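Peer 1: Generate a structure from the sequence data that follows.
(7 chains, ligands or ions: 15)
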Amino acid sequence: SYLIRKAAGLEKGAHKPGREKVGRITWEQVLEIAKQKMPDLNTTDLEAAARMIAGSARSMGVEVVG
Amino acid sequence: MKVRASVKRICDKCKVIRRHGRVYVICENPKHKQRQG
Amino acid sequence: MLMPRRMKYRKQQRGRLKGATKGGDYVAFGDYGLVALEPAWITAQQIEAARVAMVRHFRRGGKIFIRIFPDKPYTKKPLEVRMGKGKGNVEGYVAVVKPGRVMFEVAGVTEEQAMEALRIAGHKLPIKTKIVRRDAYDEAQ
Amino acid sequence: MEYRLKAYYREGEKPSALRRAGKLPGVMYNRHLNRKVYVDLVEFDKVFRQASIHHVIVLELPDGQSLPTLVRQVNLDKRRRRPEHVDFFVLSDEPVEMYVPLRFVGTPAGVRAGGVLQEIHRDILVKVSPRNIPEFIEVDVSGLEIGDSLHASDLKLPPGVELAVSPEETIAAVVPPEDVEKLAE
Amino acid sequence: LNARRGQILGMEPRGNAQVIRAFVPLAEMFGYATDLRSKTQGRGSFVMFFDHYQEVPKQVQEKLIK
Amino acid sequence: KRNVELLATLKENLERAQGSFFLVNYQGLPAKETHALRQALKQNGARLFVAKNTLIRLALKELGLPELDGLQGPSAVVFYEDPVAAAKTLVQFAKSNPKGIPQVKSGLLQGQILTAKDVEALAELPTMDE
RNA sequence: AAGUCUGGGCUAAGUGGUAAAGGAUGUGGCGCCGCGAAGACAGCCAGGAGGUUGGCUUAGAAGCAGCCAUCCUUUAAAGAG
Ligand SMILES: [Mg+2]
Ligand SMILES: [Mg+2]
Ligand SMILES: [Mg+2]
Ligand SMILES: [Mg+2]
Ligand SMILES: [Mg+2]
Ligand SMILES: [Mg+2]
Ligand SMILES: [Mg+2]
Ligand SMILES: [Mg+2]
Ligand SMILES: [Mg+2]
Ligand SMILES: [Mg+2]
Ligand SMILES: [Mg+2]
Ligand SMILES: [Mg+2]
Ligand SMILES: [Mg+2]
Ligand SMILES: [Mg+2]
Ligand SMILES: [Zn+2]
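Peer 2: Numbers count the residues shown, from 1 in each chain, chains lettered A, B, ... in the order given. Ligands and ions are numbered 1, 2, ... in the order given. You can find the structure just below:
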């Protein structure tokens, strides 16, 4: 998920995420990401793949737009 | 040895023993040793 | 710490710890109480120690209810002086407390947390104390 | 929710005596009657502990009768925290005054913020026919920030079931939360 | 001082008072003027004399260039 | 008694959704290899069903009360029983019979074996796709 | 001086034969929950794997200096420890 820095813009964490947002990504920019470094991964699907960075983005300081 | 009126388990690996009339605490950790007294 | 804001009388006779508690024997605010197993004059400084202990263990969180209050003035003759020549001076205030009185109660916190706080505050007190929890029996009074 | 509990008549027996033997003296009554009874202490405990003053307990008398009661008061031994004696009010088909629980619903804004939900009332006085007790009564507390309260004036009410106390009577409050950053003063 | 990339040479008494001697990269020695006094409550002192240059670790020397 | 009852069901449901489920010593190997015979049988078969590991005690009551004879091969041992008909029951039992006879000595042996509806046999099972 | 009297129980400290907060697998007896032949507690034989170094921080903190986050995944199960 090193790739996630050039889809929302940021280059750094948020130090205190949860209430603080400093960027955003939607339901579909997670699927493209759920594809690139995916001959590796673990699973083989797309919705078993997208929920793998959809919370690896909130572990720093970026949310998911729905 | 810590000698005290109040002997207790200090860490999860601590063990309370009674020997020859006297309550001790024994432990992996040498600092945890206690005889009551 | 605790003491009356004003009194009609500066000093009062010692009285007598006969009896079970007159009142205050059920929990009435929180979820857990500390109840006294022995009679005593509990002092303000003691109550205050008891309190502070509880907050320092909660560390932001919870409500402490303090259900006794020291309004009996405690007198003492100046060191090294003889008998007589009048009643001594007020050096503090105490709460008369008899067995079965709920002294403190807590709320808004876990059982594994009130337990400890109350375990601790007991230690500051000069008597034996049991920890209780609300019951229907409480609710019913 | 329909609790029953075996209860036996007594006359000359000494309360001290019944008490030594596991039993808990008590009396059943209402506008029409008055009997001195006793119940096994641990049988009653298992029951009352969930029945409280809230749900009907049904008395299985030895003569065979089967009276629905509300527990009306429970005398405690002040020194030992034991129940000493029970009052059983024998429910008639008239409406009767009583206490019904308040379940506090949701999680207020004042919590999740630091604060504490002081539940000034954990049940409520209420006129109500016995043929419809609400084993609940919901109160939405979620709108509370620390500083706020809620009285009987709020609080829905099932039909029906009227209040039985001034709606000027506060029932909850969100107060701030102890905190060591106070203290030193 | 280990927080400042320091190899510690040893200790010794002085006025009792204990001395400490060690090589710290001057690089990680700016704040140490008043960062000492912060941790000895106005009871510290130090001297600092250049001993030698040496190749900074590649994590930095292959990074200070940016 | 217990939530080992929501273990009988969801393991008798996806058991009584077939007829030819086999059995093998499926614990022996590392979490590398234990995703190897797991990637493959999730391909060399059907669905994501290699070994749907559950208790020897449960499967035997399960393959008892849902009738299926009772795979009296041996439910004893670290046995997770590769649901062979929760996969496309074929000569893909070689996907197993080969996997462990090369990767770490005895690295995926078999035991019980129910073909179609009637029990196959011991070595009649690894020779049942080779 | 008069029972080495009778019957049931407890004590192993010479407790009896001077003391408190408090501490404690002492011992005997009650009581109440929880797990348990759909195989528990103890020991031991496997597994404890991914995205992934979780972002920042910083010279580096890769599950473990510390501000915070703490989702999901193939799963019998493997905490962003
Ligand atoms: Mg101590
Ligand atoms: Mg040991
Ligand atoms: Mg007097
Ligand atoms: Mg008086
Ligand atoms: Mg005093
Ligand atoms: Mg005086
Ligand atoms: Mg005390
Ligand atoms: Mg009570
Ligand atoms: Mg009253
Ligand atoms: Mg009781
Ligand atoms: Mg004899
Ligand atoms: Mg003696
Ligand atoms: Mg002696
Ligand atoms: Mg005991
Ligand atoms: Zn220890």
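Peer 1: Please count neighbours and contacts with C-alpha atoms only from this point.
Peer 2: Noted.
Peer 1: So stretch E:57-66, near RNA strand G or not?
Peer 2: Yes. Legend: contact between stretch E:57-66 and RNA strand G by CA under 7 Å from any atom of the strand is shown at E:57, E:59-60.
Peer 1: Apologies, that question was intended for stretch F:87-97.
Peer 2: No. Under the criterion of CA under 7 Å from any atom of the strand, stretch F:87-97 makes no contact with RNA strand G; the nearest approach is 10.9 Å.
Peer 1: Name the residues of chain E found near RNA strand G, please.
Peer 2: For chain E, the residues in contact with RNA strand G (CA under 7 Å from any atom of the strand) are E:2-5, E:57, E:59-60.
Peer 1: And for the longest strand along chain F, what's in contact with it?
Peer 2: With secondary structure taken from DSSP state E, chain F has its longest strand at strand F:110-115. Strand F:110-115 is contacted from outside by F:19-25, F:71-75, F:97, F:119-123, F:125-126, using CA atoms under 8 Å, 6 or more residues apart in numbering or on different chains.
Peer 1: Which ones among the residues you listed lie within strands?
Peer 2: Cross-referencing the contacts of strand F:110-115 with the strands (criterion: DSSP E) gives F:22-24, F:119 as the overlap.
Peer 1: Name all residues that make contact with residue 30.
Peer 2: Assuming you mean chain A. The neighbourhood of residue A:30, defined by CA under 8 Å, 6+ apart, consists of A:50, A:53-54.
Peer 1: now these in TSV, with distance to residue A:40 and neighbour count?
Peer 2: Below are these laid out as TSV (distance: CA to CA, whole Å; neighbours: other CA atoms under 10 Å in any protein chain shown):
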residue	distance to residue A:40	neighbour count
A:50	14	19
A:53	14	16
A:54	18	21
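Peer 1: between those, which is nearest ligand 7?
Peer 2: Distances from ligand 7 to these, taken as CA to the ion, are shortest for residue A:54 (54.1 Å).
Peer 1: Contacts only, for residue B:17.
Peer 2: B:23-26.
Peer 1: Closest one of those residues to residue D:175?
Peer 2: Each of the contacts of residue B:17 was checked against residue D:175 using CA to CA; the closest is residue B:25, at 44.8 Å.
Peer 1: wait, isn't the closest one in contact with residue B:15?
Peer 2: Yes. Under the criterion of CA atoms under 8 Å, residue B:25 makes contact with residue B:15 at 5.5 Å.
Peer 1: Give me the more crowded residue out of those two.
Peer 2: For residue B:25 versus residue B:15, neighbours defined as other CA atoms under 10 Å in any protein chain shown are more numerous around residue B:25 (21 against 16).
Peer 1: For the chain, which segments count as helices?
Peer 2: Just so you know, I chose chain A. Residue ranges of the helices in chain A, as given by DSSP state H, are A:29-33.
Peer 1: wrong chain, I was asking about chain D
Peer 2: In chain D, the helices defined using DSSP H lie at D:15-20, D:41-51.
Peer 1: Which helix runs longest in chain E?
Peer 2: Counting by DSSP H, the longest helix found in chain E is helix E:32-40.
Peer 1: Kindly export that helix (C-alpha atoms) in CSV.
Peer 2: Below are the C-alpha coordinates for helix E:32-40, written out as CSV (Å, rounded to 0.1, in the frame of the first residue of the first chain):
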residue,chain,number,x,y,z
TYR,E,32,22.8,19.7,24.3
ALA,E,33,23.8,23.1,25.7
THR,E,34,20.5,23.5,27.6
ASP,E,35,19.4,19.9,27.1
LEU,E,36,22.0,18.9,29.7
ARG,E,37,20.8,21.5,32.2
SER,E,38,17.2,20.3,31.6
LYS,E,39,18.2,16.8,32.9
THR,E,40,20.5,17.8,35.8
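Peer 1: Could you report the neighbour count for residue 28?
Peer 2: Picked chain A for this. Applying other CA under 10 Å, we find 13 other residues in the vicinity of residue A:28.
Peer 1: Chain E, not that one
Peer 2: As a burial measure, residue E:28 scores 13 neighbours (other CA under 10 Å).
Peer 1: measure the residue lying closest to it once chain neighbours are set aside to residue E:54 for me?
Peer 2: Distances taken as CA to CA, 6 or more residues apart in numbering or on different chains put residue E:4 closest to residue E:28, at 5.4 Å, once the chain neighbours are dropped. Here residue E:4 is placed at a distance of 16 Å from residue E:54 (CA to CA, to the nearest Å).
Peer 1: Comparing those two, which shows the higher neighbour count?
Peer 2: Neighbours were tallied for residue E:4 and for residue E:54 using other CA under 10 Å; the higher tally belongs to residue E:4 (14 against 7).
Peer 1: Isn't that one up against residue E:24?
Peer 2: Yes. Under the contact definition of CA under 8 Å, residue E:4 touches residue E:24, with a separation of 6.7 Å.
Peer 1: so the residue positioned nearest the centre of chain B bridges to which residues?
Peer 2: Centrality entry for chain B: nearest residue to the mean C-alpha point is residue B:25, 1.7 Å, by CA atoms, centre = their mean. When assigned by DSSP bridges, residue B:25 has beta-bridge partners residue B:16, residue B:34.
Peer 1: Let me see the contact set for residue D:160.
Peer 2: Contact partners of residue D:160, counting by CA under 8 Å, 6+ apart, are residue D:128.
Peer 1: distance of it from residue D:128?
Peer 2: On the measure of CA to CA, residue D:160 and residue D:128 end up 7 Å apart.
Peer 1: Show me what residue D:38 bridges to in the sheet.
Peer 2: In this structure, residue D:38 bridges to residue D:8, residue D:25 when assessed by DSSP bridges.
Peer 1: quick one: it and chain C, what's the gap?
Peer 2: 18 Å (CA to the nearest CA, to the nearest Å).
Peer 1: List the residues that contact that residue.
Peer 2: Going by CA under 8 Å, 6+ apart, residue D:38 touches D:7-10, D:18, D:23-27.
Peer 1: One more pass at 6 Å, please.
Peer 2: By CA atoms under 6 Å, 6 or more residues apart in numbering or on different chains, the contact set of residue D:38 is D:7-8, D:24-26.
Peer 1: got a winner among these for most neighbours?
Peer 2: Using other CA under 10 Å as the neighbour test, these are led by residue D:25, with 27 neighbours.
Peer 1: so it touches residue D:87, yeah?
Peer 2: No. Under the criterion of CA atoms under 6 Å, residue D:25 lies out of contact with residue D:87, with a separation of 9.3 Å.
Peer 1: Closest to the centroid, which residue in chain D?
Peer 2: Against the mean C-alpha coordinate of chain D, by CA atoms, centre = their mean, the closest residue is residue D:53 at 3.0 Å.
Peer 1: do the helix or strand hosting residue C:119 and chain D meet?
Peer 2: Taking DSSP states H and E as the criterion, residue C:119 maps to helix C:111-123. No. Helix C:111-123 stays out of contact with chain D when judged by CA under 6 Å from any CA of the partner chain, the minimum separation being 12.8 Å.
Peer 1: on that earlier part again, do you know which of the helices of chain D lies nearest ligand 6?
Peer 2: If you check each of the helices of chain D against ligand 6 by CA to the ion, helix D:15-20 wins as the nearest, at 43.8 Å.
Peer 1: mind saving the C-alpha coords of that closest one as PDB?
Peer 2: Listed next in PDB are the C-alpha coordinates belonging to helix D:15-20 (Å, rounded to 0.1, in the frame of the first residue of the first chain):
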ATOM      1  CA  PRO D  15     -39.200 -14.500  64.400                       C
ATOM      2  CA  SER D  16     -35.700 -15.200  65.900                       C
ATOM      3  CA  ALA D  17     -36.700 -18.800  65.600                       C
ATOM      4  CA  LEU D  18     -37.900 -18.800  62.000                       C
ATOM      5  CA  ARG D  19     -34.800 -16.900  61.200                       C
ATOM      6  CA  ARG D  20     -32.500 -19.400  62.800                       C
END
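Peer 1: other SSEs contacting it?
Peer 2: Counting contacts by 3 or more CA pairs under 6 Å, 6 or more residues apart in numbering or on different chains; DSSP states H and E, helix D:15-20 is packed against no other helix or strand.
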